[PDB]
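Peer 1: Have a look at this one.
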Amino acid sequence: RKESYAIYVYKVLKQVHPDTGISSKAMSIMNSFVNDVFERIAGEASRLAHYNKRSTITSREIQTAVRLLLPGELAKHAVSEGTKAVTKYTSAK
Amino acid sequence: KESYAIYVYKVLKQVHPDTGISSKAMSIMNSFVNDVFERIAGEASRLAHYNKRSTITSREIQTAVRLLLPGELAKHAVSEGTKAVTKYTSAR
Amino acid sequence: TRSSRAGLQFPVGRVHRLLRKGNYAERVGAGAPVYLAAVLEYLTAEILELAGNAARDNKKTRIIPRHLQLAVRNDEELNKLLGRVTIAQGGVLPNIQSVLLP
Amino acid sequence: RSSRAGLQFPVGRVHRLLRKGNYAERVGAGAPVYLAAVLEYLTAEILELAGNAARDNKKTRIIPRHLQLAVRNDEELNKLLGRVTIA
Amino acid sequence: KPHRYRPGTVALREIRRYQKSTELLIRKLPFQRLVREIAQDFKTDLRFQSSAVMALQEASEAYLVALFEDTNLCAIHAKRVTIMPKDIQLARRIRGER
Amino acid sequence: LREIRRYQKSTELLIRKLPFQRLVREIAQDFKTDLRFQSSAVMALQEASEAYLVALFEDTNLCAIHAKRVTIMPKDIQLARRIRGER
Amino acid sequence: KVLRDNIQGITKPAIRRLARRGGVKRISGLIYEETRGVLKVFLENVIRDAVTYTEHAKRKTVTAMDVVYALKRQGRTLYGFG
Amino acid sequence: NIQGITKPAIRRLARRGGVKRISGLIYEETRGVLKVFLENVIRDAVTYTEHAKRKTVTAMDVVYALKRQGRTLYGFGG
DNA sequence: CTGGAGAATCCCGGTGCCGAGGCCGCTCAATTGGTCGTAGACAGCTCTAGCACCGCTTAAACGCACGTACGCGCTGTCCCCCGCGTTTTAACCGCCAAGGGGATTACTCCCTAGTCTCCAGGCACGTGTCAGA
DNA sequence: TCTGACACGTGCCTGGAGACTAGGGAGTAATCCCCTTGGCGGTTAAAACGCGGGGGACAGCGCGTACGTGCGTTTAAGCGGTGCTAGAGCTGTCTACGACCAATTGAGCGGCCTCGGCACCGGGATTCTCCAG
């Protein structure tokens, strides 16, 4: 079998560009990229989890950590796409 | 003092029983030992993480120190550190 | 599943699996996986947009190392978050200075 | 167990900071023993530097002036600590 | 009739072709054998990856990209278009490692 | 003695507390409504600032020394901020 | 309550102490305010992530430990403040 | 046998890396630069090998090493 | 001074080399509500310092007149590392095989964190000279 | 020259230390396998040596220029001097929240494939440029 973190990446690619191919090297770029970005963000959430002196990591630490790492337009679509997406989910359980 | 105070001036009292010093340099060493401390401990954590191992012991500490600061300082570190571990394995 | 119920295209279950099995600490982030999935889906969408269109300017539909690195680096803030990274299959950038002209 | 390791520095204090640093649940069989012995070594090195550097001026105290003497004359940890200022 | 060039047209081919096309150029297997021979000083009968040595070529060329660009900046801020010992070493230094 | 001891021997903080403390207060208002008349924290701000000036002026200084100059042009601090990644 | 023009609090003779401590000669007055600009961007970065830190800590009178975490965020941790 | 490092081909991927001019002094010192950096990645690679019980190193191990050395590369997993 | 042959450089275009694409039951991960399991703020406020409180001369910055004291450009200068070019020598590309420990599955011996009891060095507070300002 | 906070000791801990108490992960045996050892053949990756050409940074020399020094000042700050409480940590707890599972259900997993994907020709079209005018 095969495994990567880019099958949903080319899914969203077909959501944006329905007739487009993908190189295998880019699939591993996306996989290593998702893991790298994940460990960085979870790292900063852990660091603030020290800083706030909580034994709990909730969404507050991650969101503010994202606010720490990316400055302006990533922040635009981060609170916009991120927070609005959280708004889209969190009305229910 | 919420620091490494008591052991630093403990051995400083072992070398100089009449010692006058300040808390500020002790805070400097507090940030130093805490800083290098979390460096080495984080290195052991990701060290066991990368090689798909669920154990962190003096091998992870040992090799982690070898990654952060090798050399003859590491040779004396495993010398007194390892022989010290041998002592603690024999004497408690 | 809850991933669709979150209004997500990315698997919220699998992302939460990265959270619990990632071991970077009673809970994990409440809205945080939705948040990160939204951001990563966004920046993913623009980088796929850049490689698809810019590569499509040469009639090709996949991403070459030139378009790999260029696709990554054409976002300035993503370049800031990835300033100390190495791009495997990247080659170079179009940063040709006039002093870089022979 | 620290004095019962015959060593100068605590294994339980440093071990408690290891645990509350929250790395993994499996703490080592002798991981804080060996780690505390290594920082016993190098901390003993910089404290011998503190005794000599304190005694530079018939004193028993190093100050950040003396810490700039030692660190700005240091190679190992001054190499290892780059972005660090002693106030 | 000899199709010889202008002094910089090779570097023009470098920027146009070699800055446009971005592929690895040195053969993986001899460098993999170099990793074997250098690896002889560590441990007997190690196995490697083709992908590890291709990663060595990738990290090698991107390494040359970073060293070349900050080496350039060290040259050009000092009003120089060529590269020296002092700008490669200083270029490595000014990151904050040295 | 002028440069080394007069210009280089001083390591204590150099500015009268209330004015630059109000610089900390003023600029701190200008981003989030506030660093205050802080006794030690404002001193940490000045110490941090001047230490950062030690770093940027020192690698800046090395860039000056190798480039056959003993004066400054802003391109040096721009390159230092570039290679550190401040810019 | 209203504060203007305190950038000269980073005084010129202090710039003589550290800048002339660096050994650089003819350190131009036309560059000092630009250096204060570098000070401006750096200090607003560390005050930036600092006020996000104490904003998470929801305190009104900021402690120096917040500044330590701020420099810590940029890897420029210094000794002598905790 | 470090002469497996073929210097004109090293110049070729230098050109591919965008290098515009190379002085004559650059070659041996660059062999020093790749010598130290390369001995770092093979070095810590060997430390990972000695801590574990494998004889087959991976490209992901090079990812781990570059993660320690601040030149992390994608495109191989991890 | 400009301006094309000509070698480096694309543009579809077909065709499958084979990889981007080709596809469904199931299973391993996994959704939902109670119990079990559980961590941080809750409003009010205490005493160090937060915000509001204040006068003068000398504190260190600001400013005037010597005065000094440093980079930077035109042009030469002779500098020197580079590239064409076929050929240079094993290495390259493509071909492979077959069991061995690599990779994987199974056996085996192991398996120390959590709570409480034991306990003793250590923290804030208080004296006082030689270390301290 | 002038003198007071940690050495030292005392309330008052409070975290090291250790023994139950269930508890689980790496070394290793065992099976297929990517390639190690050994074999194969044709094609080529790349670059010493010789010829060919321009090219790199940097000083001679001259212009030059500006903040520091010296001297003097100068109001906010130094230094001395206010007041009720701003707020940090604490106060007890409510107020409130969360994993595993009873129960299991759904898209990747497992399992295999595919047919045209885009690499390689096919032929043609760009292109810009460095040696010609």
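All residue numbers here begin at 1 and follow the chain in the order shown.
How was it done? The header gives electron microscopy, 6.3 Å.
Using the three backbone atoms N, Cα and C, a Cβ is placed for every residue, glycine included.
So Swiss-Prot says this about it:
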MOD_RES   F:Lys9  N6-crotonyllysine
MOD_RES   F:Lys9  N6,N6,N6-trimethyllysine
MOD_RES   F:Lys9  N6-lactoyllysine
MOD_RES   F:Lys9  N6-methyllysine
MOD_RES   F:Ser10  phosphoserine
MOD_RES   F:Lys17  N6-methyllysine
MOD_RES   F:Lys32  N6-glutaryllysine
MOD_RES   F:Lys32  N6-acetyllysine
MOD_RES   F:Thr33  phosphothreonine
MOD_RES   F:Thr60  phosphothreonine
LIPID     F:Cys63  S-palmitoyl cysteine
MOD_RES   F:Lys75  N6-glutaryllysine
MOD_RES   F:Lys75  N6-(2-hydroxyisobutyryl)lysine
Peer 1: Across all chains shown, how many C-beta atoms besides its own are within 10 angstroms of the C-beta of F:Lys75 (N6-glutaryllysine)?
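Peer 2: Taking all protein chains shown, F:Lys75 (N6-glutaryllysine) has 15 Cβ neighbours within 10 Å.
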Peer 1: For F:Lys17 (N6-methyllysine), list the number of other Cβ atoms lying within 10 Å of its Cβ atom.
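Peer 2: Around the Cβ of F:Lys17 (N6-methyllysine), 14 other Cβ atoms lie within 10 Å.
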Peer 1: Between F:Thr60 (phosphothreonine) and F:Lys75 (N6-glutaryllysine), what is the CA-CA distance rounded to a whole number of Å?
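Peer 2: Pair distance, Cα basis, whole Å: 10 Å.
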Peer 1: Give me the CA-CA distance between F:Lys17 (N6-methyllysine) and the residue listed as 'S-palmitoyl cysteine', in Å, as a whole number.
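Peer 2: The separation of the Cα atoms works out to 34 Å.
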Peer 1: Would you mind ranking the modified residues F:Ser10, F:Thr33, F:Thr60 by how many other Cβ atoms sit within 10 Å of each Cβ and giving me the lowest?
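Peer 2: Candidates: the modified residues F:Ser10, F:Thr33, F:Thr60. Fewest Cβ atoms within 10 Å: F:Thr33.
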Peer 1: Using only C-alpha positions, which one of F:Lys32, F:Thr33, F:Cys63, F:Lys75 is spatially nearest the residue listed as 'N6-crotonyllysine'? These are the recorded positions in the record.
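Peer 2: Nearest candidate: F:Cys63.
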Peer 1: Please report the distance from the Cα of F:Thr33 (phosphothreonine) to the Cα of F:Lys75 (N6-glutaryllysine), rounded to the nearest angstrom.
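Peer 2: Between the Cα atoms of F:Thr33 (phosphothreonine) and F:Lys75 (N6-glutaryllysine), the distance comes to 34 Å.
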Peer 1: May I ask you to report the DSSP-based helix, strand or coil state of F:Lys9 (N6-crotonyllysine)?
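Peer 2: DSSP call for F:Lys9 (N6-crotonyllysine): coil, neither helix nor strand.
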Peer 1: Return the residues near F:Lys32 (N6-glutaryllysine), defined as same-chain residues 6+ apart in sequence whose C-beta is under 8 angstroms from its C-beta, sorted by sequence, else 'none'.
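Peer 2: Spatial neighbours, sequence-distant, of F:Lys32 (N6-glutaryllysine): none.
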Peer 1: Which residues, sitting 6 or more apart from F:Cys63 (S-palmitoyl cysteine) on the same chain, put a CB under 8 Å from its CB?
Peer 2: F:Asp76, F:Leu79, F:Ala80
Peer 1: Count the other Cβ atoms sitting within 10 Å of the Cβ of the residue listed as 'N6-crotonyllysine', across every protein chain shown.
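Peer 2: Neighbour count, Cβ to Cβ under the 10 Å cut-off: 12.
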